[PDB]
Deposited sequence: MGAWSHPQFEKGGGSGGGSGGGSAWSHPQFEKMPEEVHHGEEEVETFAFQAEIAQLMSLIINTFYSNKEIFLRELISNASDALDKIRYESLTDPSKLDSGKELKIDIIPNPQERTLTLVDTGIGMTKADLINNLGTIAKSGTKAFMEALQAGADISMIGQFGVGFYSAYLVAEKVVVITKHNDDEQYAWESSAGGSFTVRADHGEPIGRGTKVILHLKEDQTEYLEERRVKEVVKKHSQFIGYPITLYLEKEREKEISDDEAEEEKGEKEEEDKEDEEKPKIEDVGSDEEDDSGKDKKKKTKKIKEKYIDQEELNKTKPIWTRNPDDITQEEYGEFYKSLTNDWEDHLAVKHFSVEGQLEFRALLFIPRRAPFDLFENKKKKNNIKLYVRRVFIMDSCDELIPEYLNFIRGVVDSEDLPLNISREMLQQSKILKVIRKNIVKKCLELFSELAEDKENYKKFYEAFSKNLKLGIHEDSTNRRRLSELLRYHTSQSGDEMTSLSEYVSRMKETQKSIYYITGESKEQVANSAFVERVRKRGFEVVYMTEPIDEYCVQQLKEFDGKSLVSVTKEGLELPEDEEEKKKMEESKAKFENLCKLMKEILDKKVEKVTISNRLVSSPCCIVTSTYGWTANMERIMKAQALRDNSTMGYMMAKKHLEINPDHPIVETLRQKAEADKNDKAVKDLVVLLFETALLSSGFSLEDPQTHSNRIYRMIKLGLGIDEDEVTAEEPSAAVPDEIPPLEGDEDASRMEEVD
C-alpha cells in the first residue's frame, strides 16, 4: 500500500545526559579537553596568518593561560587564538555532535603543516562534569565580543558584551561545584597538566600569586628528524622525561609507514632499577601518544613481558580511539605494534654489540632478560642467542661468545660441550671435565640457574647440537687404539660390574665402565630422557610446582668406573677372591655415596652417611 517516509530525530534531553553521565568516567580530563580546544584555536590562527601577516595586529604572542580564582571559584582559561563569531557560537557550541574543527580541516589545501585534535564533537560538554553553568567570552577579528552563558539545561544565551577587550581570542570561565574545589591548587593542576598535556606545542602559564610559573618547558624531540639531534640532547630529554640523574646508554629512532604509522623512541637505562620482576599491577614503560596527547601506558600487548626494562615513547597520528578518547579501539591492532617494536629492539642490541666497551655494562644488568626471552619467545630464539656471553675454560676472566667458541672449535669435534653447576670454582674442578680438558677441547661453564631453562629450549647452534657432559653418551673423538683398549677393559671387568649391581639394587639402573675420568674414581651420571642432575635441585625448590610429576620424570642414575684407580683395581681382586666379602659390601656402598656427593645430587637422611664416616673415624682412633 502507501509508504509513509519520515526522518530520524534525536532526543536532545537524554542525548546530553548520556554524554555527561555515561561516556566519561574520569572527572579530570575536562582540563585536557579545554587545553586541546585552545590548541586547535591557536593552530587555526597560526595557519591562517601564514598568508596575511597583518592578522596578528590585534595580538602577537600566541599562548595559553590558566587563572584559578578561588574568590570567584572560577577556573578561567585565557587564550589568544582565532576565536569565533556569533554564528559560529550558535552553530558550534549549541549543536551536539557537531565540530567545526573537522569541517575546517576538510576545507584546507591538500597537504599543510597542521594537525588538529578532535573530530567527534562532544568534547566541550565534558566541562559540565566538574562545573556549574559555564561562561564563554570571545572576540573574532570580524565581530565584537559576545558573552555565552549556558548551564546544560536546554538553553544557551548568546548576548552582547561590554567588558574589557581581549583583542583576539576566547576566555572560558567555568564554575566549579562546591565539592570539586580541589582543582584550584598548585599540586593538582600541575599533576593533571603534566600527566595529560605536557607536550602541547604552545606555552602554558598558570597565573597564581603574580608569578608566571610556566608548566610546559620540555619539548617533543621525536618529531624532529633524527639526523638533526645530537647524542647529548637525547640525554637531556631522557633526564627530563624519566627524572634520572645519568644519561642514557643507547637510543633508537625509527619510523614506520603504511596503513599503520607511528614514530618511536627507545632508551636503554644505565643501571637496571631494583624490584624489576615484582610490580605486576603497573609497568607503564612504553607510553602511547596520539597527536601529542596521552592515551594509555598499561597494556601488555605493547611489548612482551621480557622486554620490561626498555623505556620509551611511541607517537601515532591517526589511530582509532574509543568515544572517551582513553582506550584504543580494535584491540587487534597492537599485534603490529608489538611485532614492529621487538624486531627494532633486537637491532638496537645488535648494533650495541659491536661496541665491546660498554657491552659489559649492558650485559651485567640485562643478561637475565635475554636468557628469559630465549626461554619464552619462540620466534627470535635464533637472533636472541648470539647476544649471549659465557665463561669458558680457555678464557679465564674475560667472557666469550658462542660464535667465538665455534671459531676456536677443534676440526674433529661434532658438537658443543657444556656443564651446569652452582659456581665457577666448583664447576672447573669437577670430575666430569677431567678428560675433556685433558684432550684439549674447550668447555662452556653455565653457573646460572636460568641457564637450565635457557638450554632446555636450545637444541643446537650453527648446525651443531649442545650435548652435556653429565648425560649417558659422551662421544669423544676417540682414536681407534682406545676402541680395542675399551674392549679389553670391558672384557676384563664384568664380574665386578655384576657384583656392584647386585649390591646396588633398586638404586642404579646399570653399572658400566667409564670414558670420561682420568684421576677421580667412579662418578654418577643420569639418562637422556629426563631432567639432568642439576635441574632436580632447581625444580625441587620452585615452591609453586605440582607434586604429582616429581616421581614420573625424575632421573635414571648410572654408576661408572675408572679402570685405572688403585681403589677399584684392588677391589676387583678382592671381589674375585671372595665375592661375598663384608668389607667389599661396605666399601662399595661408601664409594657410591661419596661419588653421589660429588655430583649435584642430594641424599635422603644423610645421617646414614655421617654414621658411616664416624664409625671409620673411630676405627682410626683406636676406640
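Undergrad: Should a student be asked to find the unmodelled regions, what ranges of the deposited sequence would be the right answer here?
TA: Absent from the structure are positions 1-41, 251-308, 723-756.
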